[PDB]
Structures are given as C-alpha cells and as structure tokens.
Amino acid sequence: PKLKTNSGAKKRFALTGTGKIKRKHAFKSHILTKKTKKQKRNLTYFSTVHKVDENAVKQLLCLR
Amino acid sequence: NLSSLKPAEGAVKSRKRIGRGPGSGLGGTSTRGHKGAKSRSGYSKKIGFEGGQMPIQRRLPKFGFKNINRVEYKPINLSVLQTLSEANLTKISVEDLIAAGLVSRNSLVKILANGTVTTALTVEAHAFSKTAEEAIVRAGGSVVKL
Amino acid sequence: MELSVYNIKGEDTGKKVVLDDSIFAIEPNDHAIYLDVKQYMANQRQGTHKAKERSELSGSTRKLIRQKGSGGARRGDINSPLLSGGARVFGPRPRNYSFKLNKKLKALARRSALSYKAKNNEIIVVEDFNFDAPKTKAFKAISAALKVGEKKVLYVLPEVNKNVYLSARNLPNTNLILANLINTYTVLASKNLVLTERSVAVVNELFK
Amino acid sequence: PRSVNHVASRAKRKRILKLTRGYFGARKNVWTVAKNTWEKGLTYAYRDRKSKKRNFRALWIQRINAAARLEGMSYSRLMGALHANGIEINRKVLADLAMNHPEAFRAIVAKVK
RNA sequence: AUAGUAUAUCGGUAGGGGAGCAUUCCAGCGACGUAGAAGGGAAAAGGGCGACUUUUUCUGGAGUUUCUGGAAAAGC
RNA sequence: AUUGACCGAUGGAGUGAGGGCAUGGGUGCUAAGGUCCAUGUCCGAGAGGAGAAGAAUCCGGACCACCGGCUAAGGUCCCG
RNA sequence: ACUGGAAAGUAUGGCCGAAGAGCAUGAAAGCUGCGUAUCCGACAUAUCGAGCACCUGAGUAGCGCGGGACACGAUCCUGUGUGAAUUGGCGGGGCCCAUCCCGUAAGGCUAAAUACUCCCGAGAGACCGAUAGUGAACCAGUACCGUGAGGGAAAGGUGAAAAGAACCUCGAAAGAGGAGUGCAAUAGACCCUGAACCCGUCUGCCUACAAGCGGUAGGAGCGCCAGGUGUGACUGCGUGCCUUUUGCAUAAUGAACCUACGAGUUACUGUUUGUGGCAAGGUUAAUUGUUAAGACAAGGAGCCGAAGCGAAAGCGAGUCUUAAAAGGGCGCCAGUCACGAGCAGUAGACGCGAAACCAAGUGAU
RNA sequence: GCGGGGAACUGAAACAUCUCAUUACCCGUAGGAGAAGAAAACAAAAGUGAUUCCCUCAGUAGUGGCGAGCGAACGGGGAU
RNA sequence: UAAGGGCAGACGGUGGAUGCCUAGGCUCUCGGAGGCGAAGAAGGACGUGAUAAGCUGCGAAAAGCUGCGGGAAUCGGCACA
Ligand SMILES: [K+]
Ligand SMILES: [K+]
Ligand SMILES: [K+]
Ligand SMILES: [K+]
Ligand SMILES: [K+]
Ligand SMILES: [Mg+2]
Ligand SMILES: [Mg+2]
Ligand SMILES: [Mg+2]
Ligand SMILES: [Mg+2]
Ligand SMILES: [Mg+2]
Ligand SMILES: [Mg+2]
Ligand SMILES: [Mg+2]
Ligand SMILES: [Mg+2]
Ligand SMILES: [Mg+2]
Ligand SMILES: [Mg+2]
Ligand SMILES: [Mg+2]
Ligand SMILES: [Mg+2]
Ligand SMILES: [Mg+2]
Ligand SMILES: [Mg+2]
Ligand SMILES: [Mg+2]
Ligand SMILES: [Mg+2]
Ligand SMILES: [Mg+2]
Ligand SMILES: [Mg+2]
Ligand SMILES: [Mg+2]
Ligand SMILES: [Mg+2]
Ligand SMILES: [Mg+2]
Ligand SMILES: [Mg+2]
Ligand SMILES: [Mg+2]
Ligand SMILES: [Mg+2]
Ligand SMILES: [Mg+2]
Ligand SMILES: [Mg+2]
Ligand SMILES: [Mg+2]
Ligand SMILES: [Mg+2]
Ligand SMILES: [Mg+2]
Ligand SMILES: [Mg+2]
Ligand SMILES: [Mg+2]
Ligand SMILES: [Mg+2]
Ligand SMILES: [Mg+2]
Ligand SMILES: [Mg+2]
Ligand SMILES: [Mg+2]
Ligand SMILES: [Mg+2]
Ligand SMILES: [Mg+2]
Ligand SMILES: [Mg+2]
Ligand SMILES: [Mg+2]
Ligand code: NA
Ligand code: NA
Ligand code: NA
Ligand code: NA
Ligand code: NA
Ligand code: NA
C-alpha cells in the first residue's frame, strides 16, 4: 500500500528550496531565566537537520 | 526479424540470487552477518527507533499553524511575457497564458519582475508586484488587475 | 519512396504510389522495437498459475508431538514445508504481466519496423481486389502470381472483405490484418508485406 | 513453469565418483564420504607439487656427494670450486652424469681440482 | 588496473562489486529421429579458468534440439 | 620522494564477545594462560621455513606451472 | 517406390480446401475412421383570480445524567428523567449570538451501474505431470486411529493385439529348463525404461614381522591390449567435514547410508542507478469507440516541473528578523514518463521450532 | 446481503488509554442480488441538486499516552 | 601360499530413481442459473440378477414398466467366462 507519513514529523519539520530540512531548537520551553540572552536568541532561530540524521528524518517524512 | 532481437548495451541486467553456494560469494549466511535481530526472518526496521534514546522527532517541538483561507499565486515572470508575446501577441491575458500551456486552467496568476518587458503590452493578471507593474508602465504598457 | 503497383495476375500496371518519408525512410530504433515486441508478448500472457502455501493446506494446525523428551527433531503441525506432502514455499501466484510503454515510444517502433521492410525491399503494393465468393484456390492464385507464397506473408487490408478473409483462412503461411490495427510484432513476424493500394492511403494519414 | 534438473544434478555426482575409484571402503563409492575424501586429496596435491622440487634437489645433491667423495672431495668443496670457476651446470645434470656417465663427471672434477 | 604491447598489481572471514554456466517453459529463424529420440552403462577428448560441453560404443524403443531474445516452482 | 595511498556527494554493507607478545602503567601478592587502560605489532581473516610435536616466539605475505638458480631464520657425525 | 514387425515417415506424382482444429488407428495422416468449415432440422417440455389565516406526520424536535457511532480518544442513535412551536413556523451551515444562504424531520415505495459461485454449458493457460498437482488420477474422506468431537494414508504404465505360454524334462508338487506366440519374454503377469545405497560369482594384481583421518607425490615387478590400461613391493609428506568461537584433532555441536523432498518469493508505495522516449514541458487514470482477449484510436480529470521567504496576514529575487537600517538565516545570482537492477516499508515476508493466550464445541464406559 | 452478540494472541521493542478489530467466532433471517435511494443535502454570493460503484482529491485536512497508529470530505473525471 | 582380506573389471541380484506418457488436478474467461421439501427433501437402511461379494441403476411393477420423437444392427451395466 501507500507509504504513511509519521504524524509527529510532519508537525516538526519542513523543507527548503534546495532540499534541506527546517527544524526548531529544544531547551526553549519553560526554564528560561537562568539561561543567557545570547543562548536564548540562538535557540529561538530555525535550524537544519544534520547530515547524519537526514536519512532518518527523510524516512519519517517519506523521503520528502 | 523476431529471430535477431537485441536490447541496448547495459539496459538489462541479471538479478541477485543469494543462498546458492560458495562460488557466488552470496551463500551461507546470505549477506546477513552472523546473529542478532537483523539476521532473523521477519526483521524490519522501526523507522523512528534509536535504541531507546529519545528519538529526534520527539526531542524537538512542534511549531506553527496552517491557514484555512490561504491564497497562493502562480508566479509568471517578466521575461516570460516578452518571450511568449514575440514568439506568438500584443495583449497578454490569463486565457492566453493557459492556452500556451504556461499555467493550468483554474490557477491564479501574479506578475513578477524577473526580466525585462521592453515590448509595449497591455496585461491582464490577478495580481502585480510593485516593481513588475512599474516595469510595464515605464515601457509604455498597461496593467489591468482583473 | 515510390513503388510500382501490380494486379492480381502479378503484372505491373504503370500506376505508382508514394510512401510517406517519415514512415518508411527513418533510421530504425532497435531498442524501441525490442520494447514493443516484449510488451506485445507480455500482454498476450495469461498468468493463471498457483501452488498452495502453508495457510492453504488441508491439514489441521495441531502440534504433532510434545516439544521435549521424544528424542527426535522438534515438530509443529503437519503442513510444514519440511515434511513430505507439505506446503510449497514461494511458488507461483496469479500474476498480471502487462506493463506500460509511452505512446510516442510505440509510434516510433511501428515506423522502425516499416522502415526495415522498405529497406529490405519486402513491400509489395497490389491493386484492391474483392471476391464474389470464398474460394481458397482463388486467393492462392494471387499469392502465387505475386511470388510471395513460400514464406510467411502479411496482407494489409483497408476494410472488412469477409469473402477475402474466408478465402485466405485455410492457407498455412498467410496472415490478414486491417491497415489501422498494424502493430510492431505482426509486421516483423512475416518476411513479406503486401499492401493494397487503398491501405497505403490509410497508413499514411494514420501513422504519420 | 516447474524446473527440476534431475539429470544434471545426478551427472555432477557421477563424474566425481569416477575420480574416487581405488579408495578403501566407503571412501570410493558413498557420495558424502567419497567427496570429502577427494577434496582432502586435492589439498595434498597442491602441497606435494611444491615438495617435489625439494625432494628431487635433495636426491641430486646426495648422489653428487657420493660421486665426488670417490674422487677425494666433498660436496661442499666441489660446489665451491665449480662456482669459483664459473661452471653453470645444474645439479640435475651433474647427478645424472655422476650416476650414468661417470667419465664425464670425472672431467668436471679434474678441471677444478 | 592504468597508458596505449609497457608499468604496476593478483593470501583472505563478515561484507561490497564484475562476468558467466546448467535447468523448465515461450517467441522467431531452423535442424534431428524406427537406416533408432530421451533416459541408463562404458570409454575418449575439450575449456583464458570453471560452472560444463562434445564424440564413439552397448542398452533403449519415441520423441529431441542449435542460435537470438523472454519468463522462472531456476542448482544441497 | 611516494602505483597514486586523501577528500566531498550519493547507492550497499558488516562490526559494536576479541586475543597473544613487547613497552608505559593501575589493580592483585612486583601471583595467574588474571584483570583494566595507552602505544605498536601479529592471530582473528595468513599458508610456507626453524623450533620434536605449539593461533599470535624467530624468518617470511602463497596468480598458476617447472625433475632450474640465489638466499633468510636456523644449520652442516647418523636418523636428516 | 524404399526402410520397416507395422507407414501416417522419406522420395515421386496428384487432388480438396468457408474443411491445414483435434483425437484414434501396429511410428509423425488436410485426402483411413470419428470429426472440423458450412448448411438444415422438434412429437414433448422449459425459457425468453384575489383574499383568507383552515392544513402540512408529538411523549416527536430540543434538554439533563450515563453510554455508543461518526476519520475523530458541531452532527447522528438512546437506557434513564423531562419536554416545544406551527409559514412572521421549524432545521442546518463544527461551542455560541446576530445577519445571510440552503432545506422542509417526526409516513412510505422504487430499475440500472455493485457483491458472489454448490452448479450447468463453451473455452483457455511461457500452470502440475504420480514424494508433483486437490487429502483423494486407483478404492478416498476409504482403510486405519480415537469414548467422542475429530484426525486421516499408501497405492498409475505387459503387449499393436491376450496372441496371457498346448505339449515335453527334472521334481510329491514349488521352481526351473525347453518348446510355442510375439518386432521383442533379459516385454511372462510384483510384466515400459530399470540408477544409487546394499548383496553375490568369476578373472587379474597385491596381501600372514606388520601400527594412526586411509590420501597424496614418487616407484620396481606382474597381467592384459604398442605405449596405453589393471594392480601396487618399497619411500616422503599428511590429527575428516560442518557449525560455533579469542582460540577446536578436540573428549564442544551435528549426521547410519543412498535415492527423492527441503528454506530471500510476489504484490503495492517510495528512493538510487544503467538504458531509452519526449523536452520548457512530460504523462495519462477510470473509462469510451472500431475490429476481432488482444490490437488500434480516444479519454488532460489529476500528478510532477516551472519561485521563494514567512507561524501567519502577506510581500516577491527576494523575504524574515528590526521602530527602521546595517548584520545575519533561507533563497536567487532540465525536467518528466517508462524499462531493467540494488535497497526500504506494509503484507506470515529466508526456513523450521516454543512455553502460552482467546472463542465455539466434545468428554464422568 | 442485512441484523443481534463479540475475543485474545499481537503492535505500542514493558504496559493499563490506544491497537489487533466494529476481525475470528456464535446466533437470526432474505434475494437473485441485498442494502441505499428522491434533500429538514452540499456549498459560499459562484454554483450543483436522489441512491450505488470506479479513478482522483490524499497519506492531504484532521485525530492520537499528539506515542504506536488511525484517516476523511468538498471539488473534478467516469459507469448507469 | 591364502584360512581370509584389498582394489579393478565382467555378469547378475535387490530396489524403484530417471526419461517418456495420462486417466486426475490448479487458476481463470465468457454465457446461464442461483435452490430442494408435508404431493415428504438432503442424507441413509434394507432389498433387487440365470448366475451376484462390491460399486452403479432401480424400489415388492425393484440393472427396471407405458407412450411420443430420433436412430438402424446389434443387445441383456462396470464385467469377465
Ligand atoms: K529510558
Ligand atoms: K521434454
Ligand atoms: K538391475
Ligand atoms: K611379509
Ligand atoms: K556436551
Ligand atoms: Mg512558551
Ligand atoms: Mg564473502
Ligand atoms: Mg556452509
Ligand atoms: Mg549461523
Ligand atoms: Mg555476536
Ligand atoms: Mg549483525
Ligand atoms: Mg518464526
Ligand atoms: Mg492451532
Ligand atoms: Mg502438495
Ligand atoms: Mg524459489
Ligand atoms: Mg601475493
Ligand atoms: Mg584474492
Ligand atoms: Mg528449487
Ligand atoms: Mg553491545
Ligand atoms: Mg564490547
Ligand atoms: Mg587474559
Ligand atoms: Mg598488569
Ligand atoms: Mg577474560
Ligand atoms: Mg595479518
Ligand atoms: Mg459557522
Ligand atoms: Mg498425491
Ligand atoms: Mg533389455
Ligand atoms: Mg521392467
Ligand atoms: Mg622384527
Ligand atoms: Mg569458550
Ligand atoms: Mg569471529
Ligand atoms: Mg589445532
Ligand atoms: Mg576420538
Ligand atoms: Mg549448542
Ligand atoms: Mg551424533
Ligand atoms: Mg564430532
Ligand atoms: Mg552428511
Ligand atoms: Mg540426511
Ligand atoms: Mg507489547
Ligand atoms: Mg429463499
Ligand atoms: Mg441492483
Ligand atoms: Mg547393476
Ligand atoms: Mg516415475
Ligand atoms: Mg419408437
Ligand atoms: Na557467507
Ligand atoms: Na543402437
Ligand atoms: Na538432490
Ligand atoms: Na538588510
Ligand atoms: Na587370495
Ligand atoms: Na405394488
């Protein structure tokens, strides 16, 4: 049958123009005052999935 | 000529066949290694599994929302308008754009500014970028949003 | 390419016909021919073959002997493939063998075979003929008069011609086809190709 | 279609069983015993092709030693005198000359002694 | 393998890659068979190498097969 | 200087029970064919020769054939 | 005419064909037989206007409490307790209100396009061919096993034709030797062919002072038929194979032997790649028409490519971040459809193997 | 086919929500088919009008110890 | 030398592989049909022959009885004598 997309991956990742995968950063949810502003600003940015994990993320999204 | 058919070189290839002796280099363990989960019949990969450590599709948060009234425009750039007109035209329109296979029938068109539109044209599109509209009007054209 | 036209008695009438150059004088694509013939034979297949797997055997699922203590090899149920009269593992299953070829690919392979015929000089154009009644001896005369009767020959006809079909049916090395249902396999399956002067016009408009 | 290579499968066994004729007991005709014995024998033959060159050179030297000693000279001193004089006759030729043509051997000795 | 005959290289388990043989059936062009087919016994000869192939003779008494392509119930 | 041994992209893996020896160490009793690390090496996945017979000590990396020659470690009274 | 036990074979020379499908006949038959193409046939039986406010479905719609179905852990159903209005009405448009739009619950009936095969008729297969294919080609759900529910085999072939061996010899007769039939009896009833393991007899060479995975490399003599073949006095070297292991002659695992059987397959959805078609475009799906399942022609719906950035509104070779900018992030500065192949997931998914769990029955001989 | 009842092994690499599955199985009862069926319907100022079945839409919108998983409709193209 | 044994060959025994073959299977396509039964069904028991175990057919009218249509020399089922 048809391949099924993982429901959690399709709410956490996105594709870019050249094929890289967009992602958010962790450690940004609730324990915030003790962290530095530089740390929090770096964590607020979007990032890309690492090369060693692209295969697993693509399998989760059905090679998308 | 059915007695002398031949396919192109390198077009057909024999399939791999495992577990049929030592000379093939694929017998015995038949490419599976020695023991463990991966050697058994019926093993399949658990796609998100990482051995028990919290997987990447769980360590990371969800983000965003999808708008149920989103509007998307098919981008038709400036250099296409001058190319199509000269090839085939001095008044471009959606029904003409569809007739030349450049856009589907039920699709909305916005004109952008990637190129030059030197030829003087009257243009009927659903949407126009600020720079794209100025490019036509400067080149002695007309812009009709409809 | 223009060819002379003969009558039933196999005598040139001076009248000539022209063959479209885009149909009969291209460079043949031999890989296109290979794929069209492979597809034709696959579409003729009827894959009605089957052997019984383990879940299809008539034996009971009961465990034959207790797991430990018997002194022999451990055994489950009577349908095991290791047993005499047991399950057949990975046997035939009913299959559909058809596959797709692009429409433009099939058109090119039709032209390559006709080009091969035109190049090997195995194309005869004969004037259109119709019999009053079915007679196998009548149709043998045309083949003997055209000097194509000792090897497989294909007759291309433009219309039904029921009388002609019945006259040529009993003869071993004779094949009849309609000019609009021409395919690659049937062209290459006969040494000689006999076109009627009205089948040329049909082919020229259709397979251009 | 169903494919079973009965004739071919059985022909492979029959060819090898011709090679195991002459063996002791079940090693000549019982298939899994005979094939085991034949395969082990082929390993011996690869090793014994090499040892043949060792055994035949040792036999040439022993015969040369006896022939030289009848003319008051050991093998080591005779060989040292030949290599000093540039004589390139090999040990197989000299041993043959020692055994079957003793007068020619005596001329080689008389040239270096 | 590189350069187009020269230089280098050729021990191998897990494992990756390349190139082939045999088997059953199909299409096409063709062959063989009661003046003896398949199968079975014996012998001889071949292959860069091999999986294997060919010939002769006895038995046997009716089917068998080259090449090119195609598909597998395709090898203990 | 170096037969080219390095890296990127992308298809396919296996492995994730190691072991001996030498050197530097911890632990143990300055015991263990013990145990835990580091640096090499060999066995693993490596045949041939010497050591009487020994996985890793000494010499040495097997494309095939040869009733040719030179050597290594180690030897040259006989078995040899 | 030849070969042959027997022509249908082979070589000549004819003929029919709307019939050159096939099966049978002493070998392989268009012209020997039954048939085939085509045409013709049933006594039976079977089937085929204005106004007006009168009406328009009640324990119903709706509601509380507890459950169920909807893709779903507003809409639909209801066990329990309640409970409207009436065309200016009532219900729905994903809490809810307003407006607008759509529709008329609490009555009912309806062909086609869809699902299936105990069965009848006509066909087919790059399906099996007697340890295969149904458990069952024969006798089969039989024999046999079980109190019962239930479980459940093995087993095809003389020959063209029984012409299935009158009669004799040895034997008390079982068995054979002959005779005869036959192309063949080493086709003689367990009968086509007739392999291996296993078992005999004969002939040739070796063997009673000799000690280890049984071979391998040398090497006399002897025996047969011109240098081939059988044997092997004597000599050198040599602790099977598989699997599992750091490491096995291992006193770790495994097999009596032979013949036969026995384990990465297929479908669908992706992805990479070898080979092709078309190319800023590529490609049809269901289905339809003609012809006679295939073949040819239609079918552009949809899908991918063609612009990105942003959570989004939205801007656009830019965009987001900023009060703005600079900086910075992401972008800008040949695809598509197939064929073959590798791999992945879903299916039992390379094969054999549990202890167990659940449902419906059978048993207190 | 339509009704009445209704598991567990298994997956979640444990397991209770969830899954297996409105399956297996048991019972009742039609027909050549059955069920459905003629809007108290969809839609979104643009429109289509009974039911059924196929191709798409789409592994999408959603749902979910937001885990494993589950998974539409509108619209378009057909059969009738 | 050979009580015995080893190897090779020749000829046999046993056994029933292999090759060839088919009488039975397997998967489907097209068309039809989709029931039988109180006027007693499905499924059975017992019988039934010149001869008669078992199957088949039949039912004390018992391998069968009467008409109508077909067809033309053999026939009393498998199945002999
Ligand atoms: K944990
Ligand atoms: K055959
Ligand atoms: K025999
Ligand atoms: K002796
Ligand atoms: K043990
Ligand atoms: Mg927050
Ligand atoms: Mg390997
Ligand atoms: Mg192995
Ligand atoms: Mg293993
Ligand atoms: Mg392990
Ligand atoms: Mg592993
Ligand atoms: Mg298992
Ligand atoms: Mg069971
Ligand atoms: Mg079977
Ligand atoms: Mg297979
Ligand atoms: Mg080397
Ligand atoms: Mg190598
Ligand atoms: Mg097999
Ligand atoms: Mg580990
Ligand atoms: Mg470890
Ligand atoms: Mg240790
Ligand atoms: Mg230490
Ligand atoms: Mg240890
Ligand atoms: Mg090494
Ligand atoms: Mg609303
Ligand atoms: Mg059977
Ligand atoms: Mg015979
Ligand atoms: Mg026989
Ligand atoms: Mg002594
Ligand atoms: Mg151990
Ligand atoms: Mg290992
Ligand atoms: Mg050892
Ligand atoms: Mg022992
Ligand atoms: Mg064990
Ligand atoms: Mg044992
Ligand atoms: Mg053992
Ligand atoms: Mg064994
Ligand atoms: Mg065995
Ligand atoms: Mg679990
Ligand atoms: Mg009924
Ligand atoms: Mg209906
Ligand atoms: Mg024999
Ligand atoms: Mg047989
Ligand atoms: Mg009458
Ligand atoms: Na292996
Ligand atoms: Na013969
Ligand atoms: Na076998
Ligand atoms: Na900026
Ligand atoms: Na003797
Ligand atoms: Na009566």
Side-chain angles (χ1 to χ4, degrees), chain A residues 1-5 7-8 11 16-18 45-46 59 62-63, chain B residues 2-5 8 10-13 15-16 18-21 23 29-31 33-34 41-42 44-47 49 63-65 67 75 101 112 114 129, chain C residues 31-32 35 38 41 43-46 48-51 55 58 60 67 74 76 80-82 84-85 88-95 99-102 104-105 108 134 136 166-167 169-170 172 178 180-183 189, chain D residues 1-10 21-24 27 30-31 36-37 40-41 44-45 47-48 51-53 55-56 76 90 92:
Chain A
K2 253 183 208 145
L3 290 169
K4 288 246 208 153
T5 306
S7 284
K11 323 190 154 143
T16 88
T18 57
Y45 288 165
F46 265 108
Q59 282 237 293
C62 285
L63 298 304
Chain B
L2 306 166
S3 201
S4 59
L5 294 156
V12 289
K13 191 170 32 207
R15 81 186 278 171
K16 222 207 279 200
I18 75 180
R20 291 295 184 285
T29 47
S30 325
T31 84
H34 269 315
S41 191
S44 47
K45 166 139 167 323
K46 280 139 85 45
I47 285 320
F49 202 51
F63 66 99
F65 85 110
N67 177 7
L112 306 180
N114 214 43
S129 98
Chain C
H31 188 69
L35 293 162
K38 176 151 101 87
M41 278 307 265
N43 291 344
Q44 306 323 291
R45 260 186 111 155
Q46 146 199 340
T48 57
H49 42 41
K50 195 178 187 277
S55 46
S58 65
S60 141
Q67 171 93 345
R74 57 205 181 196
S80 171
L82 268 63
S84 166
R88 164 75 55 224
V89 182
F90 300 146
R93 269 136 84 140
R95 264 160 101 187
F99 58 90
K100 146 155 191 224
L101 293 175
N102 288 349
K104 279 163 215 206
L105 184 271
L108 167 92
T136 314
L166 293 182
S167 314
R169 194 164 63 173
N170 205 42
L178 299 159
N180 65 310
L181 316 185
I182 311 267
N183 51 88
Chain D
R2 179 169 189 251
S3 181
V4 190
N5 59 337
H6 280 121
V7 174
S9 173
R10 194 107 192 240
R21 285 184 296 180
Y23 294 4
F24 194 86
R27 293 180 176 258
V30 168
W31 167 239
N36 200 288
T37 281
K40 188 92 172 159
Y44 290 157
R47 172 209 74 200
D48 282 344
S51 290
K52 196 179 187 212
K53 303 142 182 71
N55 295 329
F56 265 104
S76 47
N90 89 13
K92 170 177 180 207

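Protein chains get the first letters and strands the later ones, always in sequence-line order, with residue 1 at the start of each. Only heavy atoms go into these numbers, but all of them, side chains included; no hydrogens, no water, no symmetry mates.
When rounded to the nearest whole Å, the span between CG of C:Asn43 and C1' of E:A71 equals 15 Å. The CZ atom of D:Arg27 sits 13 Å away from the P atom of I:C7 (whole-angstrom rounding). Look at CG on C:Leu181: it is 8 Å from P on G:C296, rounded to the nearest Å. As a whole-Å value, the separation of C:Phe99 CZ from G:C337 P is 18 Å. Rounded to an integer number of Å, the gap from NZ of B:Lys16 to P of E:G16 is 5 Å. Following rounding to the nearest Å, B:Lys13 (NZ) and E:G17 (P) show an atom-to-atom distance of 10 Å. The distance between atom CZ of C:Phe90 and atom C1' of G:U265, rounded to the nearest whole Å, is 5 Å. What separates CZ of D:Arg2 from P of G:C261 is a distance of 7 Å, to the nearest Å.
One P atom belongs to G:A195, the other to G:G135, and the distance between them is 33 Å to the nearest Å. Nucleotides G:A50 and G:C95 have their P atoms positioned 45 Å apart, rounded to a whole Å. With both ends at atom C1', the span from G:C242 to G:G194 equals 35 Å, rounded to whole Å. Separation of the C1' atoms belonging to E:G50 and F:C63 is 16 Å when rounded to the nearest angstrom.
A donor-acceptor contact under 3.5 angstrom links the side-chain atoms of C:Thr48 to the base of G:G125. Interface remark: the A:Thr16 side chain does not form any donor-acceptor pair with the G:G331 base, using a distance-only criterion of under 3.5 Å. Side-chain atoms of D:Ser3 come within donor-acceptor range of the base of E:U23, with a qualifying N/O pair under 3.5 Å. With hydrogens and angles ignored, a donor-acceptor pair under 3.5 angstrom links the side chain of A:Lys11 to the base of H:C66. Evaluation of atom-type donor-acceptor distances gives no pair under 3.5 Å for the side chain of D:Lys53 against the base of F:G68. Counting atom types as modelled, B:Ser3 pairs a side-chain N or O with a base atom of E:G28 as donor and acceptor under 3.5 Å. Between the side chain of D:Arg47 and the base of G:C237 there is at least one donor-acceptor pair of N/O atoms closer than 3.5 Å. Taking 3.5 Å as the limit, the base of G:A124 and the side chain of C:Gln46 contain a donor-acceptor pair of atoms between them. Residue A:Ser7 places a side-chain atom within donor-acceptor reach of the base of H:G69, judged by atom type and a 3.5 Å distance cut-off alone. Side-chain atoms of C:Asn183 stay outside donor-acceptor range of the base of G:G294, with no qualifying N/O pair under 3.5 Å.
Between G:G35 and G:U231, the two key atom distances do not both fall under 3.5 Å in a Watson-Crick or G-U wobble layout, so no such pair is counted. Here G:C309 is matched with G:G314 as a Watson-Crick or G-U wobble partner, both contacts being under 3.5 Å.
In a base pair of the Watson-Crick type (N1 to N3 plus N6-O4 or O6-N4) or a G-U wobble (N1-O2 and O6-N3), with each distance short of 3.5 Å, I:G16 is matched with no nucleotide. Remark: G:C43 base-pairs with no nucleotide in the shown strands. Criterion, Watson-Crick or G-U wobble with two distances under 3.5 Å. With a cut-off of 3.5 Å on both pairing distances, the Watson-Crick or G-U wobble partner of H:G62 is H:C70. Using the Watson-Crick or G-U wobble rule with both distances under 3.5 Å, G:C330 pairs with G:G318. Pairing partner, G:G64: G:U80, with both Watson-Crick or wobble hydrogen-bond distances short of 3.5 Å. Pairing of F:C77, defined by two Watson-Crick or G-U wobble distances under 3.5 Å, is not identified with any nucleotide. As the counterpart of I:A8, G:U203 is assigned, both hydrogen-bonding distances of the Watson-Crick or G-U wobble pattern falling under 3.5 Å. Base pairing annotation: G:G177 forms a Watson-Crick or G-U wobble pair with G:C168, both donor-acceptor distances under 3.5 Å.
Bases E:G36 and E:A37 do not qualify as stacked neighbours, criterion being ring centres under 5.5 Å and ring planes under 30°. Stacking holds between G:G121 and G:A122 under the rule that six-membered ring centres lie under 5.5 Å apart and planes differ by under 30°. A stacking criterion of 5.5 Å and 30° is not met by the six-membered base rings of adjacent nucleotides G:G88 and G:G89. Annotated as stacked: the bases of F:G74 and F:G75, by the 5.5 Å centre and 30° plane rule. Classification of the G:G175/G:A176 step: stacked, the six-membered rings being closer than 5.5 Å at their centres and less than 30° apart in plane orientation.
The side chain of B:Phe63 lies closest to G:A311, out of G:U269, G:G133, G:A311. The side chain of D:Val30 has G:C257 as its nearest neighbour among G:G345, G:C257, G:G316. Residue B:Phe49 places its side chain closer to H:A13 than to any other of G:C127, H:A13, I:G19. Across G:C268, H:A13, E:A27, the shortest atom-to-atom separation from the side chain of A:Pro1 is found for G:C268. The nucleotide whose nearest atom lies closest to any side-chain atom of C:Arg74 is, among G:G353, G:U283, E:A73, G:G353. In this structure, of G:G236, G:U275, G:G340, it is G:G236 that holds the atom nearest to the side chain of D:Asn55. When each of E:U23, G:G151, G:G214 is scored by its nearest atom to the side-chain atoms of D:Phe24, the top-ranked nucleotide is G:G214. Set against E:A43, G:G316, G:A295, the side chain of B:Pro75 has G:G316 as its closest nucleotide.
Among the heavy atoms of the strands lying under 4.0 Å from B:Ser30 is at least one base atom, whether or not backbone atoms are also near. Using a 4.0 Å heavy-atom criterion, one finds that D:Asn90 contacts the sugar-phosphate atoms exclusively. Here C:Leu82 lies in heavy-atom contact (under 4.0 Å) with sugar-phosphate atoms only. At a threshold of 4.0 angstrom between heavy atoms, the contacts of C:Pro81 are confined to the sugar-phosphate backbone, with no base atom among them. C:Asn102 comes within 4.0 angstrom of a nucleotide base, judged by non-hydrogen atoms across all strands. Across all strands, D:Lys92 comes closer than 4.0 Å to base atoms (heavy-atom distances).
Judged by the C1'-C2'-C3'-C4' torsion, which is negative here, the sugar of G:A185 sits on the south, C2'-endo side. Using the sign of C1'-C2'-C3'-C4' as the criterion, G:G17 falls on the north side of the pucker cycle. Sugar puckers are classed by the sign of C1'-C2'-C3'-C4'; that of G:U86 comes out south, on the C2'-endo side. Pucker check on G:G49: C1'-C2'-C3'-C4' positive, sugar north. Sugar pucker annotation for F:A17: south, assigned from a negative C1'-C2'-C3'-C4' dihedral.
Minimum interatomic distance between C:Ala51 and C:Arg88 (heavy atoms only, all atoms of both residues): CB-CG, 3.8 Å.
The closest donor-acceptor contact from the side chain of C:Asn102 to the backbone of C:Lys104 lies at 3.5 Å or more, if one exists at all. Panel note: side chain C:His49, backbone C:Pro92; no donor-acceptor pair is recorded below 3.5 Å.
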Start with the C-alpha gap between D:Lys92 and D:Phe56, add the side-chain angles, then the distance that decides, and say whether side chain to side chain contact (heavy atoms under 4.5 Å, CB included) holds. CA-CA 8 Å; D:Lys92 170 177 180 207; D:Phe56 265 104; over 6 Å; no
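Applying the 5.5 angstrom centroid cut-off and the 30 degree plane-angle cut-off, the aromatic ring of D:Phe56 is stacked upon the base of F:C67.
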